[PDB]
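Protein chains in written order, with the authors' numbering: chain W, 2 to 64; chain 0, 1 to 36; chain A, 11 to 198; chain M, 10 to 137. A short write-up of the structure that comes next.
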RNA sequence: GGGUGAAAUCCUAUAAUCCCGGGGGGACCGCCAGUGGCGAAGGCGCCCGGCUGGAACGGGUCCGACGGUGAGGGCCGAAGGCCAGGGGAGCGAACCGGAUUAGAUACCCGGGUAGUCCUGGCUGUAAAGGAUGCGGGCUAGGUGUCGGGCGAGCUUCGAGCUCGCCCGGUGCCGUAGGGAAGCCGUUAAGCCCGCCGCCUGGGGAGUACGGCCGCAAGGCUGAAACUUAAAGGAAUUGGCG
Ligand SMILES: [Mg+2]
Ligand SMILES: [Mg+2]
Ligand SMILES: [Zn+2]
């Protein structure tokens, strides 16, 4: 029912990660194309690898 | 030379690689021997 | 003929760092003729064990002091039927050839060989060659000629390639396959 | 010591066979016999029987000069020609130890190229 | 010694074939190697460093129909041949001899010039073949295998091993359907929507006459008088090697 071939839908999410050495809360992408670093302190949050990033913080939601 | 692959078939004839070489010799003689 | 009644037998001697031991006899007329001959003996024949009978060693004469012909190391080679049985279909042999020099000044050319346990990609295959080069040169810095050679034929260098390289792809049988010296130290 | 060894170079092709006994280095030869030095006609110069006779006459001459054993090195033309030893190789090896000599280790030393030069015939072979 | 179905021409006593220690010289990169990979086709296989072209996968990135095909024009194109300079080891059109034979201008044997290799140009041809022009949509399944990603399970934690799924390449057995059959069958020779090139019984003939290119050899375009009842294709039963 309702094949994927009609109305396609993504497979990647928006997360609500939470920093480690900053406490800050953010939103990021799951398959990023750049190096997601924090918006106050500068430590990285995700890393780009091929398909799906390999995050480096604490997740609160999947949005 | 614009040849046609029906003639490489060898059934009731001689080889075509050798008919070509013999047509070329006449196209030469008609040229030198006052083909002008 | 009577030309054979003018001969004389000489005793050939292995190098010093293998332990001077007799390896064959040799006939000649006058000593000046037996001066660059090359003998081939296996590793099973010096410090005899029954495992390393596929390692061959070449000794080249350099001295004749009265019925005693002392030799000098010249090369090393594994036997053809041995490395012929390691290269099976579906394995991806990897081959490296390098030029080195040791502390004394002996310049050498060594030829390693690794054999993967399964077909691998060509980018995993040059990484292993990089590993080989980087632990061969490094080994050839703090070792003199007498020690680099002594552990090439033993398997002490191969048993280290086999440890570093395995963290790219699991292998079987790393070893060194041929050595040939090129020069000597110009001095001394 | 008093133990003297040597090497036997055995060259075999489809048209002849040569047995050559030299000292431990190969620099002084002791006895060299062929296939056509024994039979009389050109036909079975390569046969295993001619090899049997040549190896016998070579061992006879080398045993008295002081040889006791011999290592074995078997060879084909190789190189840019055939890569397999002919019919007389094993027949010269089996009739060399029968005539009194010992035998050490055995190996084949045919030359093999790593993509070498070009052989005869030409794109069609011998159309015999 | 060499070579043969069997020999002979040839090399060798000015010491060959064979074995050992050295000096030089050109061409090619074995096994691993795989209906495996890359390229528009021709084609591309030792290893290390530098510059460069294209494609697949992942993508709530950007532009906003910018597309398909393409007469006439333009670049790329194995081998061979040509014009100038270099080089020449192995192989070898022409050529010189030994044999086989009724002849042997050939197959077989011993030599050998151009060529094959490099730098600068011209030529523009192949069974250049998947004998199958290129873009889009749709119409059962099963099973190997190469590249990316995803989800599980092991692990001597390795750029590792096994299983399942999605996308793109490369193979096989096969439904509906198509075909004269051989056989094709989501990588169509099936049902549709496009554009360009070619075909019209067999020979004469890819010839004659004219034109344009090439230094030549040659390429491209290309009829008629006449003559003939068949020429072609895919499969059956035999007879035969
Ligand atoms: Mg056109
Ligand atoms: Mg010839
Ligand atoms: Zn932070």
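Each residue gets a CB set at the ideal place from its N, CA and C atoms; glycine is no exception.
- Give the secondary structure of residue 132 (chain A) by DSSP, where H, G and I count as helix, E and B as strand, and everything else as coil. DSSP places residue 132 (chain A) within a helical segment (H, G or I) once states are collapsed to three.
- Query: Considering only the beta carbon of each residue, do residue 187 (chain A) and residue 127 (chain A) sit closer than 8 Å?
  - Reply: Between residue 187 (chain A) and residue 127 (chain A), the C-beta spacing is not below 8 Å.
- Query: How would you write the range of the beta strand (DSSP E) that residue 184 (chain A) sits in, first residue to last?
  - Reply: Unbroken run through residue 184 (chain A): none, as it is neither H nor E.
- Message: Measuring CB atoms only, is the stretch 149–162 of chain A touching the stretch 41–59 of chain A, in the sense that at least three cross pairs come out at less than 8 Å?
- Response: No, because fewer than three Cβ pairs between the stretch 149–162 of chain A and the stretch 41–59 of chain A fall closer than 8 Å, the two stretches do not touch.
- Query: Does the stretch 8–18 of chain W come within contact of the stretch 29–39 of chain W, defined as at least 3 CB pairs closer than 8 Å?
  - Reply: Between the stretch 8–18 of chain W and the stretch 29–39 of chain W, the count of Cβ pairs shorter than 8 Å is three or higher; the stretches touch.
- The beta strand (DSSP E) with residue 117 (chain M) in it runs from where to where? Unbroken beta strand (DSSP E) run through residue 117 (chain M): 115–117.
- Query: In three-state DSSP terms, what is residue 10 (chain W)?
  - Reply: In the three-state scheme derived from DSSP, where H, G and I count as helix and E and B as strand, residue 10 (chain W) is classed as coil.
- Task: Output the distance between the C-alpha atoms of residue 14 (chain M) and residue 34 (chain A), rounded to the nearest integer angstrom.
- Result: Answer to the nearest angstrom: the Cα atoms are 7 Å apart.
- Item | Opposing strand residues paired with residue 26 (chain W) [DSSP bridges] | Answer by DSSP bridge pairing, in chain order: 19 (chain W).
- Message: Give me, in chain order, the residues of the same chain whose beta-carbon lies closer than 7 Å to that of residue 145 (chain A); leave out the 5 immediate sequence neighbours on both sides.
- Response: For residue 145 (chain A), where only same-chain residues beyond five positions count, the Cβ hits under 7 Å are 170, 171, 174.
- Query: Using the rule of at least 16 other Cβ atoms within 10 Å of the residue's Cβ for burial, across every protein chain shown, is residue 42 (chain M) buried or exposed?
  - Reply: Flag for residue 42 (chain M) reads buried.
- Query: Which residue spans inside the stretch 125–178 of chain A form an unbroken alpha helix (DSSP H) run of at least 4?
  - Reply: With a minimum length of 4 residues, the continuous alpha helix (DSSP H) runs that stay inside the stretch 125–178 of chain A are 132–149, 155–162, 168–174.
- Query: Just the Cα atoms here: how many angstroms apart are residue 1 (chain A) and residue 141 (chain A)?
  - Reply: Residue numbering for chain A in the displayed model covers 11 to 198; residue 1 (chain A) lies beyond these limits and cannot be assessed.
- Message: Just to confirm the assignment, what range does the beta strand (DSSP E) spanning residue 207 (chain A) have?
- Response: With chain A represented from 11 up to 198, any question about residue 207 (chain A) goes unanswered, as that position is not in the structure.
- Query: So which residues touch the region around ligand 3, with touch meaning a C-beta under 5 Å from any heavy atom?
  - Reply: The filter returns 20 (chain W), 23 (chain W), 25 (chain W), 39 (chain W), 42 (chain W), in chain order.
- Given a cut-off of 8 Å, decide if residue 67 (chain M) and residue 28 (chain M) are closer than it, judged by their beta-carbon atoms. Closer than 8 Å, so yes.
- Query: Does the beta-carbon of residue 88 (chain A) have 16 or more other beta-carbons within 10 angstroms, so that it is buried, or is it exposed?
  - Reply: Its Cβ being crowded by 16 or more others within 10 Å, residue 88 (chain A) is buried.
- If you draw a straight line from the C-alpha of residue 53 (chain W) to the C-alpha of residue 109 (chain A), how long is it? Going by C-alpha positions, residue 53 (chain W) is about 44 Å away from residue 109 (chain A).
- In chain A, what lies closer than 7 Å to residue 32 (chain M) by C-beta? For residue 32 (chain M), the residues of chain A that pass the 7 Å Cβ criterion are 36, 37, in the order they occur in the chain.
- Task: Would you verify that the beta carbon of residue 32 (chain A) is, or is not, closer than 8 Å to some beta carbon of chain M?
- Result: Output row for residue 32 (chain A): interface = yes.
- Hey, quick one: how far does the alpha helix (DSSP H) through residue 57 (chain M) stretch, first residue to last? 57–74 is the span of the alpha helix (DSSP H), which, as asked, contains residue 57 (chain M).
- Look at residue 80 (chain A) and residue 23 (chain A) and say whether their C-beta atoms are less than 8 Å apart. Against a cut-off of 8 Å, the Cβ pair of residue 23 (chain A) and residue 80 (chain A) comes out as a contact.
- Task: For residue 47 (chain A), return the contacting residues in chain M, with the cut-off set at a CB-CB distance below 7 Å.
- Result: Result: 34, 36.
- is_contact[residue 111 (chain M), chain A] using C-beta, thresh 8 Å: For residue 111 (chain M), the answer is no, since every Cβ of chain A falls outside 8 Å of its Cβ.
- Message: With distance defined between alpha-carbon atoms, name the residue in 125 (chain A), 45 (chain A), 82 (chain A), 32 (chain A) nearest to residue 10 (chain M).
- Response: Nearest C-alpha to residue 10 (chain M): 32 (chain A).
- Contact set between residue 13 (chain M) and chain A, taken where Cβ atoms lie within less than 7 Å: The answer, in chain order, is 35.
- Message: Let's see if you can read the secondary structure: which residues bound the alpha helix (DSSP H) around residue 18 (chain 0)?
- Response: Secondary structure note for residue 18 (chain 0): its alpha helix (DSSP H) is the uninterrupted segment 17–32.
- Assuming residue 119 (chain M) and residue 85 (chain M) make a contact with CB atoms under 8 Å, what is their CB distance in whole Å? About 4 Å separates the two Cβ atoms, so the contact holds.
- Item | Alpha-carbon to alpha-carbon, residue 183 (chain A) and residue 61 (chain A) | Across the structure, residue 61 (chain A) and residue 183 (chain A) are spaced so that their CA atoms are roughly 15 Å apart.
- Mapping DSSP to helix, strand and coil, what is residue 77 (chain A)? Coil.
- Query: Interface residues of chain A around residue 10 (chain M) at Cβ under 9 Å?
  - Reply: Near residue 10 (chain M) (Cβ distances below 9 Å), the residues of chain A are 21, 32, 35.
- Message: From the DSSP secondary-structure annotation, give me the bridge partner or partners of residue 99 (chain M).
- Response: DSSP output for residue 99 (chain M) lists no bridge partner at all.
- Task: Residues of the stretch 89–118 of chain M with a CB closer than 9 Å to any CB of chain A: list them in chain order, please.
- Result: Those would be 114, 116, 117, 118, in chain order.
- Message: Suppose you measure from the CA of residue 5 (chain W) to the CA of residue 64 (chain W); what does that come to, to the nearest Å?
- Response: Spanning the two alpha carbons is a distance of roughly 22 Å.
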